[PDB]
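Have a look at the structure below, then the notes.
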Amino acid sequence: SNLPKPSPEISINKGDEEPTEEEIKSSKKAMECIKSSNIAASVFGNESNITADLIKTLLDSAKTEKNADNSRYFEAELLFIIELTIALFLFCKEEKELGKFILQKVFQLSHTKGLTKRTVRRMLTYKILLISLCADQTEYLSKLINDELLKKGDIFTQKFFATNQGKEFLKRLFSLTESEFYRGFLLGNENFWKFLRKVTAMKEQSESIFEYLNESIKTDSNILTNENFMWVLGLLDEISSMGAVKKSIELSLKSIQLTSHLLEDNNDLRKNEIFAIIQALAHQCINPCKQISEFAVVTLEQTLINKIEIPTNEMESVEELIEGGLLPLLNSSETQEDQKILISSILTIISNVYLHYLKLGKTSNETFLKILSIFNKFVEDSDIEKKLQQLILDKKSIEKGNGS
């Protein structure tokens, strides 16, 4: 919106001392003269007039200490100064020292005490605009992310991020990633992904976040690196767990489809993170919502049956998918209500992938003994016993089929 204009100390609208009518008329004449002078369109009109000297003199001229004399206009005059300097700097092409000058000076001004919350809300947009324009100033971006975007939380609440100002701020902030210069810091800094987790915890910003993340994945797999895998995977895991039993369920299925599709982006995924994929997908099946579990149970099977590649040097045997990937879910003790009936579903997926890879023929003798052992880990339950009653017929039939 527009700037906050500097207010007067007393006001009136049609020892008391009103202004006199003749001097009121004189001041109106003065305003008419100044408006006829075109002060705004003169000193900032022609492109040739703006130069570095004007920027330095303008930015150095702003007041810095609050006084009783200047309580009227301290907060607004600063914002007017930074807007004027950034607007004039947008015409200037040089980035050697002038941009660093404005950046250091505005960061010095912003930290001053006593400012109202509106001014600090406004200054961050100017800061991110300046970072986007300039280059090779990563230390100040780190300072902004650590201090002025994570430590100060009460200033930056959900409702400020809800309005279009926050949306444009996030748009400019995520545009900073695609820049050639500042991508180096943004791949794997802990503070940035922690802030991303914080904003994903909010509910208004989920759709834009998923749009940005899906786009950045789909153009290329460059954002995925070995030193930042778990943070972004936790990000999609947090987005996937946003059930409520109204429209966000579809966004959750889109997120599940994205993390399903994450495997085929690059062949050089290390052994640590494939199990993270399987764990993240399988952990969604325990959600209270039936729709998300119904999609999870099919998407996990699709990912395990289509996009995995045993014979590469990552995995020595297919058992590592279950021994390595799906094992930690079943290990869940002291779970009274949340352990009763889910186990049959994951055992069904285990059986299905066993049938597929046994049709393909790459297992060994000990594998069926070991999965029989994991069946014996859960056999005393009544429903699991009834489900296990029918294991033997399918085992015998699939044993007879592929060989014969």
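FYI, nothing fancy with the structure tokens labels: chains A, B, ... in order, residues from 1 per chain, ligands from 1 as they appear.
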Helix (DSSP H, G or I) positions in stretch 203-243 of chain A, given as a PyMOL selection string: chain A and resi 206-219+229-240
Close residues, stretch 288-300 of chain A itself excluded, 12 Å, only C-alpha atoms, min 2 positions apart in chain, as a VMD selection string: chain A and resid 240 to 246 248 to 261 263 277 to 286 302 to 308 321 325 to 326 337 to 338 342 to 350 352 to 353
Give me, as a tab-separated table, the closest atom pair and its distance (Å, one decimal) for every residue of stretch 93-138 of chain A within a cut-off of 10 Å of stretch 164-174 of chain A, counting only C-alpha atoms, rows sorted by chain and rising number.
```
residue	atom	partner	partner_atom	distance
A:121	CA	A:166	CA	9.3
A:122	CA	A:165	CA	9.0
A:124	CA	A:169	CA	8.2
A:125	CA	A:169	CA	6.1
A:126	CA	A:169	CA	9.6
A:128	CA	A:173	CA	6.8
A:129	CA	A:172	CA	7.4
A:131	CA	A:173	CA	9.4
A:132	CA	A:172	CA	7.8
```
Test item: residues at most 12 Å from stretch 318-320 of chain A, only C-alpha atoms, excluding those fewer than 2 positions along its chain, as JSON, numbers by chain: {"A": [271, 272, 274, 275, 278, 304, 305, 308, 309, 310, 311, 312, 313, 314, 315, 316, 322, 323, 324, 325, 326, 327, 350, 353, 354, 356, 357, 358, 360, 361, 362, 363, 364, 365, 366, 367, 368, 369, 370, 371]}
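You can rank A:85, A:228, A:70, A:1 by their closest distance to residue A:53 using only C-alpha atoms, and at the top of that list sits A:85.
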Close residues, stretch 34-50 of chain A itself excluded, 8 Å, only C-alpha atoms, min 4 positions apart in chain, as a list in words: residues 30, 54, 55, 88, 91 and 92 of chain A
For stretch 385-400 of chain A: contacts at 10 Å, only C-alpha atoms, fewer than 2 positions along chain excluded, given as an NGL selection string: :A and (344 or 347-348 or 351 or 355 or 358-359 or 368 or 372 or 375-376 or 378-383 or 402-404)
Next, dump the selected residues to file, keeping only C-alpha atoms, as a PDB file, in the first residue's frame.
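The result, written out as again_36.pdb:
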```pdb
ATOM      1  CA  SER A 344      -2.532 -56.405   7.672  1.00  0.00           C
ATOM      2  CA  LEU A 347       1.819 -57.275   5.210  1.00  0.00           C
ATOM      3  CA  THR A 348      -0.386 -57.293   2.099  1.00  0.00           C
ATOM      4  CA  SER A 351       3.117 -60.215   0.022  1.00  0.00           C
ATOM      5  CA  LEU A 355       4.782 -62.282  -5.555  1.00  0.00           C
ATOM      6  CA  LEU A 358       9.302 -64.115  -7.178  1.00  0.00           C
ATOM      7  CA  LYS A 359       7.706 -64.080 -10.622  1.00  0.00           C
ATOM      8  CA  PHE A 368      10.823 -67.018   2.558  1.00  0.00           C
ATOM      9  CA  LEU A 372       7.805 -66.357   7.675  1.00  0.00           C
ATOM     10  CA  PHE A 375       4.951 -63.268  10.132  1.00  0.00           C
ATOM     11  CA  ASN A 376       5.598 -65.195  13.355  1.00  0.00           C
ATOM     12  CA  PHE A 378       2.744 -61.032  14.629  1.00  0.00           C
ATOM     13  CA  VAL A 379       0.705 -64.254  14.728  1.00  0.00           C
ATOM     14  CA  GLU A 380      -1.012 -64.323  18.154  1.00  0.00           C
ATOM     15  CA  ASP A 381      -3.529 -61.615  17.207  1.00  0.00           C
ATOM     16  CA  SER A 382      -6.901 -62.966  16.106  1.00  0.00           C
ATOM     17  CA  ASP A 383      -7.312 -60.975  12.879  1.00  0.00           C
ATOM     18  CA  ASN A 402       6.633 -70.012 -11.809  1.00  0.00           C
ATOM     19  CA  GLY A 403       8.678 -73.213 -11.795  1.00  0.00           C
ATOM     20  CA  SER A 404       6.126 -75.130 -13.867  1.00  0.00           C
TER      21      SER A 404
END
```
